[PDB]
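# next input, structure requested:
(12 chains, ligands or ions: 3)
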Amino acid sequence: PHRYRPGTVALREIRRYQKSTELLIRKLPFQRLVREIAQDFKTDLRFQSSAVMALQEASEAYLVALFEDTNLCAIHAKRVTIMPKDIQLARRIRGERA
Amino acid sequence: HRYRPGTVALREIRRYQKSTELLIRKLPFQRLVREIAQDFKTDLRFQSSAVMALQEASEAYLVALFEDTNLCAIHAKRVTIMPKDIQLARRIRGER
Amino acid sequence: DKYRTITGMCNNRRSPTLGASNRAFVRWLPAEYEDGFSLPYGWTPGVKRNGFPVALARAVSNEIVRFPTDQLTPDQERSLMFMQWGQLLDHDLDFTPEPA
Amino acid sequence: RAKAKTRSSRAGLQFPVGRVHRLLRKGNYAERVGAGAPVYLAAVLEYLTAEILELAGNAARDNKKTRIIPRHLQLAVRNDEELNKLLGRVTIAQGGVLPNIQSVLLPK
Amino acid sequence: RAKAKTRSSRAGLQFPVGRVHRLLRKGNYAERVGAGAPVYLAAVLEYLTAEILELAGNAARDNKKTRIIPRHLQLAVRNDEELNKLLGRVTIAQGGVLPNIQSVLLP
Amino acid sequence: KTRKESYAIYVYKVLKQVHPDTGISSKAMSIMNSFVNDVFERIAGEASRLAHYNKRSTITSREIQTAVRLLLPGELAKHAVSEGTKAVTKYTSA
Amino acid sequence: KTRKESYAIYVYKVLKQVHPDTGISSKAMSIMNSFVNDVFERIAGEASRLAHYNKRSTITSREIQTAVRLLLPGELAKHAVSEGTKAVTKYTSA
Amino acid sequence: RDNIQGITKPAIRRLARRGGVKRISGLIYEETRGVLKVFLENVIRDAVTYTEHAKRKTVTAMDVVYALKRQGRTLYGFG
Amino acid sequence: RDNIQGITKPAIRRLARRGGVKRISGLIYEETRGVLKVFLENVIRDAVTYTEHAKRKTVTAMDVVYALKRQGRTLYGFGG
Amino acid sequence: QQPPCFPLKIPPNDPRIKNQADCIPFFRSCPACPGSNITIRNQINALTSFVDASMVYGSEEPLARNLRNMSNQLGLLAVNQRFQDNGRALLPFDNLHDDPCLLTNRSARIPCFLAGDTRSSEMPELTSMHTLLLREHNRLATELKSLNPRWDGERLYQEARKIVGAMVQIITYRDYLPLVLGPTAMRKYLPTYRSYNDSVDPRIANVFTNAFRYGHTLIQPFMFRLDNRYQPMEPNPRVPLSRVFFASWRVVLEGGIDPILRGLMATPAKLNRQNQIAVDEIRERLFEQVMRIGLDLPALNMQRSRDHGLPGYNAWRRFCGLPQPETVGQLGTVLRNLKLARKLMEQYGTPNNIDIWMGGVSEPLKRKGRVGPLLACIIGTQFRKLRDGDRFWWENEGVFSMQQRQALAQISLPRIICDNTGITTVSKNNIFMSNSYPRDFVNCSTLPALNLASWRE
DNA sequence: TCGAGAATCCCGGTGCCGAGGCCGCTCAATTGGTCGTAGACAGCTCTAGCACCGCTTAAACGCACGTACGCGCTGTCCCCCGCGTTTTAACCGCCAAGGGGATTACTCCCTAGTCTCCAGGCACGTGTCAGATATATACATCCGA
DNA sequence: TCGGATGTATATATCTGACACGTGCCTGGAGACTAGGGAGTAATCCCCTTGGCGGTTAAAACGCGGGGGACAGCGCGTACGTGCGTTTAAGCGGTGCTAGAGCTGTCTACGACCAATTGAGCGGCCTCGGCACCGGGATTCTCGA
Ligand code: HEM
Ligand SMILES: *[C@@H]1O[C@H](CO)[C@@H](O)[C@H](O)[C@H]1NC(C)=O
Ligand SMILES: *[C@@H]1O[C@H](CO)[C@@H](O)[C@H](O)[C@H]1NC(C)=O
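Residues are numbered from 1 along each chain as shown, chains lettered A, B, ... in the order given. Ligands and ions are numbered 1, 2, ... in the order given. Shown next is the structure:
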């Protein structure tokens, strides 16, 4: 039974998803989440498809940049694993949670 | 009599976080500003308020950068700050 | 190291002769010769290059470079000082001597 | 002609409605400026000034002083969440820093 | 009257000078607009567009493709230091990210 | 000497309204003047952008209200809005 | 319907100048149009601020040149300045 | 309406893979969901304010673009 | 003309103390000097551009304030 | 075919040379180290590989000393002892065993000139440029002596030489290179200067000697001379180029260098098109009077590229990172021309065999540039290496003072032209770009002069 | 190193839908004068920026000790990765309604623009009281026995 | 773990300069009036957003085994903190000169503003070829010997 050692398929996925430009979140769940969030501010709101697509693009770009900063924070502490404290440190230095 | 290493450091931390004065001598900073500005224009004059504003901005920038550096150093389970902490803070901030 | 040496020597401290005059050209790519050492492509008749015969430079100038004189198109954005300064800077930079 | 009354008196404000109107007209913001815009802007500016000045005066009283210096303004701003968010990227001259020491550095 | 001649042709540009002048005049920027400001702005905009498009076309050609897609614009912008500094807080839709893996992660 | 208008008299009047027994220095007055100018410019710029977006050529109290809602954070904004509204209402009564 | 203007034909003209045999899609055109509008707004706003600081009522080539120097980074800025200057010179000759 | 769980663990793993992350702890999924919720709440609040000012009931793409630009997050490609 | 060494080690140590730093490595000072030089170069370049546009020869405080506002570092207490 | 001769064979049905057995003369370049065969052949660069105005001051010590005006203590340069142009200095004459200058006109009996380069007498235009630089050096030495009376001859000469070299570097890197490479290539290959780098090799590459031949495509078939009013000056307003080669008598005995400079300043250059590569005057009537038969400049370029053992077109395309064509369709796509690609493939048979010069000048030009992508790559790389590896670069710290740098940064070619001789009307900024009179001409009473007040001790 | 198994990559068909080129209008851009004010000079004053000089003296700079912290180096164990098997719901394709963006009229109000005047808000001058500066004292804290 | 030494907050005098008023004056804000166009209504139009259904299948969920990072513990040495004595320029004053920033006046030429004309760009319409998938093999990388 052939088996890959841990960290091989992870590097393959890193190479594969850094080469494509698609959207990595399913569109229907994201649309539902956006509508649920918008429910608080106003009632009976309609959304253009372009509005939801723009929100998805912005959110995915934000999350990817945050994960890059988190990876740098993890490597700083002599680690490979990504922990929540790394996310908190990145957000604090960026000034989001400062 | 002699204090243990780290007592006077905390005393200075408490003392300089209560004051509002400038921590850099004025004449060396003025000379540095004039030398830097020499590269852009020749025979330049500076208002006193211009040098004062530059000094205030520089001191605020350095203090904030040192706070971020201290956070980075503590993240790696350390007490001293090293140049790599400054580099990481400036890289996350986007200044690199 | 105050002024320029007229021969260009001692400009580089690591290599004093580097960049001076009367020295060999630097090769960015390995040289290509019909024999391998010092023979140009065309010295020996009937020898092909890369599996193809070597063309005559005069013929290439004859039926590719050639164009009738009356169809000259002046350049609306450049003067003849452009070409004159090109030649002057060129005569500054390099010169390959040949035997007399 | 009757006795002139400032628009700030009619609006019940301390900040100048007329000066704000002139600054809006001269500032190259829009082709026309409505009559109610200066009143709204003056009221908002007066509210923000009153809030920050009340906090600074409280800080000065806590420091046992009867005059506001930049240190008191910085202490007032940095101790309030909304004001700190409003002035996050703002430097106050001769303001100092908020005293905090990480718990890791304290002796154990 | 004489035959009409566009200001872009007079200045030797491809970007419009009359439209840029109108946008400056009606954009609430200043009380008056000079006659040489639209020409300068159009020239600068044309230069920046040419830079971006040349880099993007080179990226597309290296990809064995004829058309330019947002991925090529992203590759052009992010691989250039000055352009990356200019568009440092800008997200290009469908642009992806640059391939970059940290050395410590590699086996 | 050329006149130099500033928000010093009005800031002092507000301070006397809030803290009758507290004064202010000159550097603090300069800081408050800069703060007032900065907030004015921010709100006015946001209102101008809002007017441009909707293809309108007028800055009204609705634009100022929306700019205050956009810029000021959380509870602050709410209170500010209330104050502004009150003023306009009083200004309409007179 | 209506009439919506954009920097579409000019971007295509520049592209055909640079890459005569290379096309461009619709999303790429949208990105280029947004980029042109964004840079225009940045330079125009900086020039307006420069004119306001020096108590002038006119935006001229000097304001545009200074705005380009302030905004555009590094050698890029230098090249841009040259281009702009050339255009104005030509515009004066004809 | 628990639609925050629609952002699944494999989706977060894909987003982290695009960011260059090799190993992932099991506690970052909830943190990522909270961060995304905060960001979306801010942007959507600004967009809804822009929509309400125009006296509309439909959130257009331009409202989202303006809301993002207000936060220093300019987005190209949607006008 | 080596005035960057006028930013002495005690001054950097004081600036670190105000930031809450307890222990400082020996190579921090050169890095701090480089960071300060970069920041000052950017700000002074912008201020000198602002001064040149006005056809003046003295760099006023307002030019520095405008440059800092351009970098996103608004400063209160000087000018307006 | 015996060394050191590499004559050019004549193909059949030649337009000019009817006899096939005849051959165009050609001499192979000198080897770097003759007498051996294991070592690969290399060529000799007889000049310093720096932008230091080594065409006016020479590159070898004996010639450099012989150029100096060694009879006084003013640090001047030698001038002609028999002729002058309206009382202005001319280049000193030179004595040679076989002077080609006298072959052009036996009646005139005017020899070739002497300068820092042996080729300073190809035409009146190059001689005019050399004379202008010589006059500029003499004027700078005179001004420096007048301003500083304590300086001796050697110090004055060295300071004037340094200023002239810095002026040449400034003019080149600020006006000429952007107009060759274009904005994109100039930004890519010559970014902003950082500092002197001792690891950078400033030696001239072997391909650069054939990749800078591109200027052979800008040559006009005539030499134009204009009077003070920028009108065709009589007699002989336009002279065929075949009669101005190695003709120094057209400078001393035909009104000096003023008409030549005026014609250069106000005449459009030739545009390089894929169907019009090089004019027929240099292709069929080059050095007609000096030699037995006319030469062929493109043929000489290709033959020299073959002699130097340079790789083909595709090797340099790979070196510069550009795509490498393999078939006729790929070549037509790359060159944006199908007829030219078909002709090239018929001539050579494969793109790998195309000579560097032909392929470089056959490419479509860059936007606002005069070279293709490959030639732009080579030229930009060479000039970047020249700038970064030069310890005496004018922008390097310690070479010039800051006040001196600000004084030098305001020089321009039209200022020198209307300062050092009699022309009063000159072209506007970027003299290399202005060619229409009087649309873009000024009286140079508005251009500021060089401020030497910062050179006072 | 050597071989088996996956994974990714490099080439010939095959449609298809989006990018590119062609007409028709109409609505800005261009051309041709008028005018009035914004800015480009010149003069001139006086404020503040630069330079210099002498004296304290507080800061910086070397030097020596030692201790506490940074940094490797084990060792365990448990948490995350890779893979296979079931669910689940995202996704695509097609219909049907209707809410609500989006133009198009028309007509008021609301704002700009102009004199007139006349008080609110600057600049300048003054004096007194918060606050900065010694001086001694008394708690507070730390390090050692 | 009770006593000694250093450091810092506290209360009381002394002096000073800067902040809080007072006063004169000028200029910008308020009070009227008129005129024109921007925006507020209303009334259609049709577009595109929401809601529904059905089938296919790709991805999300669960479970399992194992190995390789995370984290704790333990030396070891070196480099940074703490005093201490010796330079060294920083800061404070008073002095002097002059460059240039700011203000005043004149005037001219440049940009806003009209009208009349027309052609450049936008919308709608075809149409065909670049690209996205299909099949197959080819080459490379990885993990167990
Ligand atoms: C304008 C008329 C010119 C004539 C009549 C001329 C003549 C010649 C000839 C016959 C050679 C023989 C070797 C060679 O071709 O490389 C040569 C050398 C050369 N030329 Fe030209 N040339 C001219 C212009 C230029 C220009 C304008 C440039 C550059 C912009 C240039 C670049 C070179 C170079 C690099 C050499 C090599 C030096 C050597 O081989 O001795 N030439 N010149
Ligand atoms: C240069 O030498 C020449 C020889 O012809 C002589 O006439 C001249 O005077 C010398 N230069 C000077 C400056 O004297
Ligand atoms: C000098 O040039 C080399 C070769 O290009 C480069 O690798 C190196 O970084 C440069 N050094 C500096 C100090 O710029």
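
# for the closest residue in space to residue D:95 that isn't next to it in sequence, I want the exact helix or strand it lies within.
Nearest non-adjacent residue to residue D:95, counting by CB to CB, 6 or more residues apart in numbering or on different chains: residue D:74, 3.1 Å away. For every residue, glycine as well, the C-beta is placed using N, CA and C. Using DSSP states H and E, residue D:74 maps to helix D:70-78.

# now do the buried residues in that helix.
D:70, D:71, D:72, D:73, D:74, D:75, D:76, D:77 (16 or more other CB atoms under 10 Å in any protein chain shown).

# the strands in the stretch 1-150 of chain J, which residues?
Taking DSSP state E, counting those that start in this stretch as the criterion, the stretch 1-150 of chain J carries its strands at J:44-45.

# close to chain D, is stretch H:36-44?
No. For stretch H:36-44, no contact with chain D is found by CB under 8 Å from any CB of the partner chain; the gap never falls below 11.7 Å.

# so who does residue 83 touch?
No chain specified, so I'll use chain A. A:74, H:25, H:27, H:28 (CB atoms under 8 Å, 6 or more residues apart in numbering or on different chains).

# looking at chain F here, not the other one
Residue F:83 sits next to D:43, D:44, D:46, D:47 when contact means CB under 8 Å, 6+ apart.

# for the residues you listed, which one is nearest residue J:146?
Comparing the contacts of residue F:83 against residue J:146 with CB to CB places residue D:44 closest, at 70.1 Å.

# quick check: the closest one vs ligand 3, distance?
According to CB to the nearest ligand atom, to the nearest Å, residue D:44 stands 54 Å off from ligand 3.

# list, one by one, the residues from chain A near chain B.
Residues of chain A lying near chain B (CB under 8 Å from any CB): A:69, A:72-73, A:76-78, A:85-86, A:89-90, A:92-94.

# neighbour count and distance to chain J for the residues you listed - can I get that in TSV?
Output for those, formatted as TSV (neighbours: other CB atoms under 10 Å in any protein chain shown; distance: CB to the nearest CB, whole Å):
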residue	neighbour count	distance to chain J
A:69	22	29
A:72	17	27
A:73	25	31
A:76	20	29
A:77	16	34
A:78	9	34
A:85	17	39
A:86	26	35
A:89	27	34
A:90	22	32
A:92	15	35
A:93	25	29
A:94	16	30
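
# give the contact list for the residue nearest to residue H:24 when sequence neighbours are not counted.
Spatial nearest neighbour of residue H:24, excluding adjacent residues (CB to CB, 6+ apart): residue A:82 at 5.3 Å. Contacts here follow CB under 8 Å, 6+ apart; on that basis residue A:82 touches A:67, A:70, A:71, A:74, H:16, H:21, H:23, H:24, H:25, H:28.

# double-check the third one against residue H:19; I have them as touching.
Right, residue A:71. Yes. The criterion here is CB atoms under 8 Å, and residue A:71 meets it with residue H:19 at 6.3 Å.

# circling back to that earlier point, what sits against the residue nearest to residue D:95?
Going by CB under 8 Å, 6+ apart, residue D:74 touches D:92, D:95, D:96.

# residue D:91: which element?
Going by DSSP H and E, residue D:91 is part of strand D:90-92.

# so residue J:58 makes contact with residue J:114?
No. Judged on CB under 8 Å, residue J:58 makes no contact with residue J:114 at a distance of 9.8 Å.

# could you name every residue contacting both of those two?
residue J:67.

# what about the longest helix in the chain?
Reading this off chain A. Ranked by residue count and defined by DSSP state H, the top helix of chain A is helix A:49-76.

# try chain J instead
helix J:124-147.

# also chain D?
Longest helix in chain D, counting by DSSP H: helix D:37-62.

# now for whichever helix or strand comes after that helix, which elements pack on it?
Using DSSP H and E, the next helix or strand after helix D:37-62 towards the C-terminus is strand D:67-68. For strand D:67-68, the packing partners by 3 or more CB pairs under 8 Å, 6 or more residues apart in numbering or on different chains; DSSP states H and E come out as helix D:37-62, strand F:23-24.
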